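This is query_34.pdb. It holds PDB, C-alpha atoms.
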```
ATOM      1  CA  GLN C   1      40.872 -12.261 -56.085  1.00  0.00           C
ATOM      2  CA  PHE C   2      37.896 -13.472 -54.091  1.00  0.00           C
ATOM      3  CA  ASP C   3      38.722 -16.114 -51.490  1.00  0.00           C
ATOM      4  CA  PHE C   4      35.446 -17.252 -49.979  1.00  0.00           C
ATOM      5  CA  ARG C   5      36.987 -18.812 -46.880  1.00  0.00           C
ATOM      6  CA  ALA C   6      39.391 -15.987 -46.070  1.00  0.00           C
ATOM      7  CA  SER C   7      36.544 -13.524 -46.635  1.00  0.00           C
ATOM      8  CA  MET C   8      34.413 -15.216 -43.983  1.00  0.00           C
ATOM      9  CA  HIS C   9      34.160 -13.878 -40.454  1.00  0.00           C
ATOM     10  CA  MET C  10      32.036 -14.416 -37.368  1.00  0.00           C
ATOM     11  CA  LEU C  11      30.356 -11.330 -35.961  1.00  0.00           C
ATOM     12  CA  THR C  12      29.517 -11.294 -32.266  1.00  0.00           C
ATOM     13  CA  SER C  13      26.710  -9.419 -30.604  1.00  0.00           C
ATOM     14  CA  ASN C  14      24.499  -9.365 -27.564  1.00  0.00           C
ATOM     15  CA  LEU C  15      21.261 -11.322 -27.621  1.00  0.00           C
ATOM     16  CA  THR C  16      17.984  -9.510 -27.078  1.00  0.00           C
ATOM     17  CA  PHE C  17      18.444  -6.375 -25.016  1.00  0.00           C
ATOM     18  CA  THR C  18      15.986  -3.492 -24.694  1.00  0.00           C
ATOM     19  CA  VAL C  19      16.890   0.183 -24.836  1.00  0.00           C
ATOM     20  CA  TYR C  20      15.073   2.708 -22.650  1.00  0.00           C
ATOM     21  CA  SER C  21      15.466   6.322 -23.726  1.00  0.00           C
ATOM     22  CA  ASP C  22      13.592   8.309 -21.109  1.00  0.00           C
ATOM     23  CA  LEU C  23      14.876   7.664 -17.629  1.00  0.00           C
ATOM     24  CA  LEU C  24      12.740   9.583 -15.104  1.00  0.00           C
ATOM     25  CA  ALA C  25       9.318   8.407 -16.285  1.00  0.00           C
ATOM     26  CA  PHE C  26       9.778   5.477 -13.930  1.00  0.00           C
ATOM     27  CA  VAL C  27      10.231   7.939 -11.053  1.00  0.00           C
ATOM     28  CA  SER C  28       7.197   9.191  -9.165  1.00  0.00           C
ATOM     29  CA  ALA C  29       7.755  12.121  -6.851  1.00  0.00           C
ATOM     30  CA  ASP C  30       5.798  14.055  -4.252  1.00  0.00           C
ATOM     31  CA  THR C  31       6.202  17.008  -1.905  1.00  0.00           C
ATOM     32  CA  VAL C  32       5.574  17.272   1.793  1.00  0.00           C
ATOM     33  CA  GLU C  33       2.819  19.639   2.771  1.00  0.00           C
ATOM     34  CA  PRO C  34       4.400  23.060   2.218  1.00  0.00           C
ATOM     35  CA  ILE C  35       3.496  24.275   5.703  1.00  0.00           C
ATOM     36  CA  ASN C  36       6.037  21.754   7.035  1.00  0.00           C
ATOM     37  CA  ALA C  37       8.605  22.517   4.344  1.00  0.00           C
ATOM     38  CA  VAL C  38      12.174  22.948   5.462  1.00  0.00           C
ATOM     39  CA  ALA C  39      15.438  24.451   4.260  1.00  0.00           C
ATOM     40  CA  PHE C  40      19.086  23.380   4.477  1.00  0.00           C
ATOM     41  CA  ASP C  41      19.279  24.224   8.185  1.00  0.00           C
ATOM     42  CA  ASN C  42      16.646  21.639   9.217  1.00  0.00           C
ATOM     43  CA  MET C  43      14.479  24.517  10.345  1.00  0.00           C
ATOM     44  CA  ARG C  44      11.129  25.484   8.931  1.00  0.00           C
ATOM     45  CA  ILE C  45      10.690  28.258   6.388  1.00  0.00           C
ATOM     46  CA  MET C  46       7.683  30.555   6.474  1.00  0.00           C
ATOM     47  CA  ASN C  47       7.347  30.349  10.235  1.00  0.00           C
ATOM     48  CA  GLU C  48       7.457  33.993  11.350  1.00  0.00           C
ATOM     49  CA  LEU C  49       4.115  35.508  12.310  1.00  0.00           C
TER
ATOM     50  CA  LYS F   1     -51.717  18.464 -17.929  1.00  0.00           C
ATOM     51  CA  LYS F   2     -50.357  18.204 -14.407  1.00  0.00           C
ATOM     52  CA  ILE F   3     -47.351  15.944 -13.937  1.00  0.00           C
ATOM     53  CA  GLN F   4     -45.662  14.552 -10.867  1.00  0.00           C
ATOM     54  CA  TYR F   5     -42.371  16.465 -10.615  1.00  0.00           C
ATOM     55  CA  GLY F   6     -40.843  16.050  -7.176  1.00  0.00           C
ATOM     56  CA  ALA F   7     -37.559  17.723  -8.033  1.00  0.00           C
ATOM     57  CA  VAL F   8     -35.776  21.050  -8.407  1.00  0.00           C
ATOM     58  CA  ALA F   9     -35.788  23.971 -10.794  1.00  0.00           C
ATOM     59  CA  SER F  10     -35.357  27.724 -10.771  1.00  0.00           C
ATOM     60  CA  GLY F  11     -38.020  30.230  -9.807  1.00  0.00           C
ATOM     61  CA  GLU F  12     -37.057  30.190  -6.143  1.00  0.00           C
ATOM     62  CA  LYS F  13     -34.983  32.149  -3.679  1.00  0.00           C
ATOM     63  CA  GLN F  14     -33.143  28.896  -2.870  1.00  0.00           C
ATOM     64  CA  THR F  15     -32.289  27.267  -6.203  1.00  0.00           C
ATOM     65  CA  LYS F  16     -28.891  28.855  -6.756  1.00  0.00           C
ATOM     66  CA  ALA F  17     -26.990  28.317  -3.516  1.00  0.00           C
ATOM     67  CA  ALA F  18     -28.705  24.998  -2.907  1.00  0.00           C
ATOM     68  CA  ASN F  19     -27.770  23.662  -6.339  1.00  0.00           C
ATOM     69  CA  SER F  20     -24.219  24.797  -5.652  1.00  0.00           C
ATOM     70  CA  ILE F  21     -24.289  22.890  -2.349  1.00  0.00           C
ATOM     71  CA  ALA F  22     -25.688  19.725  -3.877  1.00  0.00           C
ATOM     72  CA  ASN F  23     -23.309  19.728  -6.845  1.00  0.00           C
ATOM     73  CA  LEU F  24     -20.388  20.330  -4.468  1.00  0.00           C
ATOM     74  CA  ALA F  25     -21.418  17.420  -2.268  1.00  0.00           C
ATOM     75  CA  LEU F  26     -21.993  15.247  -5.321  1.00  0.00           C
ATOM     76  CA  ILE F  27     -18.536  15.874  -6.726  1.00  0.00           C
ATOM     77  CA  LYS F  28     -16.921  15.432  -3.301  1.00  0.00           C
ATOM     78  CA  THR F  29     -18.665  12.074  -3.108  1.00  0.00           C
ATOM     79  CA  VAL F  30     -17.770  10.881  -6.599  1.00  0.00           C
ATOM     80  CA  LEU F  31     -14.219  12.164  -6.393  1.00  0.00           C
ATOM     81  CA  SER F  32     -13.570   9.842  -3.425  1.00  0.00           C
ATOM     82  CA  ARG F  33     -14.003   6.849  -5.768  1.00  0.00           C
ATOM     83  CA  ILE F  34     -11.287   7.570  -8.301  1.00  0.00           C
ATOM     84  CA  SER F  35      -9.124   7.276  -5.191  1.00  0.00           C
ATOM     85  CA  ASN F  36      -9.872   3.548  -5.312  1.00  0.00           C
ATOM     86  CA  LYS F  37      -7.674   3.426  -8.431  1.00  0.00           C
ATOM     87  CA  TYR F  38      -5.563   6.614  -8.433  1.00  0.00           C
ATOM     88  CA  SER F  39      -3.555   8.762  -6.053  1.00  0.00           C
ATOM     89  CA  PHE F  40      -4.294  12.447  -6.421  1.00  0.00           C
ATOM     90  CA  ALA F  41      -4.582  15.583  -4.327  1.00  0.00           C
ATOM     91  CA  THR F  42      -7.686  17.665  -4.895  1.00  0.00           C
ATOM     92  CA  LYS F  43      -6.373  21.178  -5.342  1.00  0.00           C
ATOM     93  CA  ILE F  44      -9.552  23.090  -6.179  1.00  0.00           C
ATOM     94  CA  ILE F  45     -13.273  22.611  -6.745  1.00  0.00           C
ATOM     95  CA  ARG F  46     -15.637  25.185  -8.209  1.00  0.00           C
ATOM     96  CA  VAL F  47     -19.361  25.092  -8.911  1.00  0.00           C
ATOM     97  CA  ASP F  48     -21.375  27.835 -10.620  1.00  0.00           C
ATOM     98  CA  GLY F  49     -24.809  26.811 -11.805  1.00  0.00           C
ATOM     99  CA  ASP F  50     -24.664  25.161 -15.211  1.00  0.00           C
ATOM    100  CA  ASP F  51     -21.107  23.805 -14.964  1.00  0.00           C
ATOM    101  CA  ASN F  52     -18.479  22.770 -12.458  1.00  0.00           C
ATOM    102  CA  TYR F  53     -14.783  21.995 -12.524  1.00  0.00           C
ATOM    103  CA  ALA F  54     -12.300  20.266 -10.247  1.00  0.00           C
ATOM    104  CA  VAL F  55      -8.531  20.287 -10.694  1.00  0.00           C
ATOM    105  CA  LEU F  56      -6.433  17.457  -9.344  1.00  0.00           C
ATOM    106  CA  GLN F  57      -2.708  16.782  -9.129  1.00  0.00           C
ATOM    107  CA  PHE F  58      -0.806  13.511  -9.297  1.00  0.00           C
ATOM    108  CA  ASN F  59       2.288  11.915  -7.831  1.00  0.00           C
ATOM    109  CA  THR F  60       3.685  11.687 -11.383  1.00  0.00           C
ATOM    110  CA  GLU F  61       3.283  12.981 -14.939  1.00  0.00           C
ATOM    111  CA  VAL F  62       0.067  12.612 -16.886  1.00  0.00           C
ATOM    112  CA  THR F  63      -0.599  10.246 -19.780  1.00  0.00           C
ATOM    113  CA  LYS F  64      -3.387   9.720 -22.281  1.00  0.00           C
ATOM    114  CA  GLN F  65      -4.542   6.516 -20.612  1.00  0.00           C
ATOM    115  CA  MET F  66      -4.995   8.074 -17.185  1.00  0.00           C
ATOM    116  CA  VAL F  67      -7.142  10.782 -18.773  1.00  0.00           C
ATOM    117  CA  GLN F  68      -9.234   8.141 -20.531  1.00  0.00           C
ATOM    118  CA  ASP F  69      -9.639   5.935 -17.475  1.00  0.00           C
ATOM    119  CA  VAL F  70     -10.377   8.852 -15.151  1.00  0.00           C
ATOM    120  CA  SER F  71     -13.083  10.035 -17.526  1.00  0.00           C
ATOM    121  CA  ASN F  72     -14.679   6.610 -17.840  1.00  0.00           C
TER
END
```

Target encoding structure tokens, full file:
Amino acid sequence: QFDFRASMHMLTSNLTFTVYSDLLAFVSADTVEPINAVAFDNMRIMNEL
Amino acid sequence: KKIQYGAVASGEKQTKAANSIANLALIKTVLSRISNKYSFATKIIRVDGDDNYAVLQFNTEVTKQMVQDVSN
């Protein structure tokens, strides 16, 4: 049997958020000039001549 | 008819290399104006007569709008 009052509920939610799918588009990235490019040892690579 | 034409064409020992020079200088001069609105690194320029192309690399990934605005 249908009880209108007992059937009533209040549903909560957040108000007005915005969902961003991609996550690296906001990142801009650049490389040092590869002549002065360095490895783990803090010592240049492609230096022998 | 004889018309005032104080400009360049073929039929000369000079036309080829000199046109390459002038087009190279022209693009080097223009390409330093997009820099007023974009950051890019000119990787390569080439000029051969009836065409010329320059490649350029950005700090980020390319979009449609940057292509449009760069062209305009």

Would you write out, as a Markdown table, a table of all residues in chain C that have an atom no more than 7 Å from an atom of chain F, listing for each the closest atom pair and the distance in Å to one decimal, considering only C-alpha atoms and ordering rows by chain and rising residue number?
```
| residue | atom | partner | partner_atom | distance |
| --- | --- | --- | --- | --- |
| C:28 | CA | F:60 | CA | 4.8 |
| C:29 | CA | F:59 | CA | 5.6 |
| C:30 | CA | F:59 | CA | 5.5 |
```

Contact residues around residue 48 of chain F with only C-alpha atoms at 8 Å, ignoring same-chain residues under 3 positions, as a ChimeraX atom specification: /F:20,51-52

Please write the residues from the selection above to a file, keeping C-alpha atoms, as an mmCIF file, in the frame of the given file.
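Result written to selection.cif:
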```cif
data_model
loop_
_atom_site.group_PDB
_atom_site.id
_atom_site.type_symbol
_atom_site.label_atom_id
_atom_site.label_comp_id
_atom_site.auth_asym_id
_atom_site.auth_seq_id
_atom_site.Cartn_x
_atom_site.Cartn_y
_atom_site.Cartn_z
ATOM 1 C CA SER F 20 -24.219 24.797 -5.652
ATOM 2 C CA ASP F 51 -21.107 23.805 -14.964
ATOM 3 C CA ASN F 52 -18.479 22.770 -12.458
#
```

State, in Å with one decimal place, the distance from atom CA of residue 34 of chain C to atom CA of residue 36 of chain F. 25.3 Å

Would you list the residues near (-13.8, 12.9, -5.0), meaning any protein, DNA or RNA residue with an atom at most 10 Å from that point in file coordinates, counting all atoms listed in the file, as a list in words?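 The residues near that point, listed by chain and number, are residues 24, 25, 26, 27, 28, 29, 30, 31, 32, 33, 34, 35, 40, 41, 42, 45, 54 and 56 of chain F.
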
Save out the residues we just selected, C-alpha atoms, as a JSON list (two decimals), in the frame of the given file.
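Result file follows (out_29.json):
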```
[["chain", "number", "residue", "atom", "x", "y", "z"],
["F", 24, "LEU", "CA", -20.39, 20.33, -4.47],
["F", 25, "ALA", "CA", -21.42, 17.42, -2.27],
["F", 26, "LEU", "CA", -21.99, 15.25, -5.32],
["F", 27, "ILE", "CA", -18.54, 15.87, -6.73],
["F", 28, "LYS", "CA", -16.92, 15.43, -3.30],
["F", 29, "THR", "CA", -18.66, 12.07, -3.11],
["F", 30, "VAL", "CA", -17.77, 10.88, -6.60],
["F", 31, "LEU", "CA", -14.22, 12.16, -6.39],
["F", 32, "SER", "CA", -13.57, 9.84, -3.42],
["F", 33, "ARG", "CA", -14.00, 6.85, -5.77],
["F", 34, "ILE", "CA", -11.29, 7.57, -8.30],
["F", 35, "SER", "CA", -9.12, 7.28, -5.19],
["F", 40, "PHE", "CA", -4.29, 12.45, -6.42],
["F", 41, "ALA", "CA", -4.58, 15.58, -4.33],
["F", 42, "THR", "CA", -7.69, 17.66, -4.89],
["F", 45, "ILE", "CA", -13.27, 22.61, -6.74],
["F", 54, "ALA", "CA", -12.30, 20.27, -10.25],
["F", 56, "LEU", "CA", -6.43, 17.46, -9.34]]
```

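The spacing separating atom CA of residue 50 of chain F from atom CA of residue 2 of chain F amounts to 26.6 Å.
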
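Between atom CA of residue 33 of chain C and atom CA of residue 47 of chain F lies a distance of 25.7 Å.
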
List the spatial neighbours of residue 8 of chain F as a list in words - criterion: any atom at most 10 Å away, only C-alpha atoms, same-chain residues fewer than 5 positions off excluded. residues 14, 15, 18 and 19 of chain F

Which residue, F:55, F:68, F:49, F:37, has the smallest gap to residue 9 of chain F when you use only C-alpha atoms? F:49

Give me the box for segment 30-33 of chain C as lines of an AutoDock Vina configuration file, namely the centre and edge lengths in Å to one decimal of a box along x, y and z that holds every listed atom plus 3 Å on each side.
```
center_x = 4.5
center_y = 16.8
center_z = -0.7
size_x = 9.4
size_y = 11.6
size_z = 13.0
```
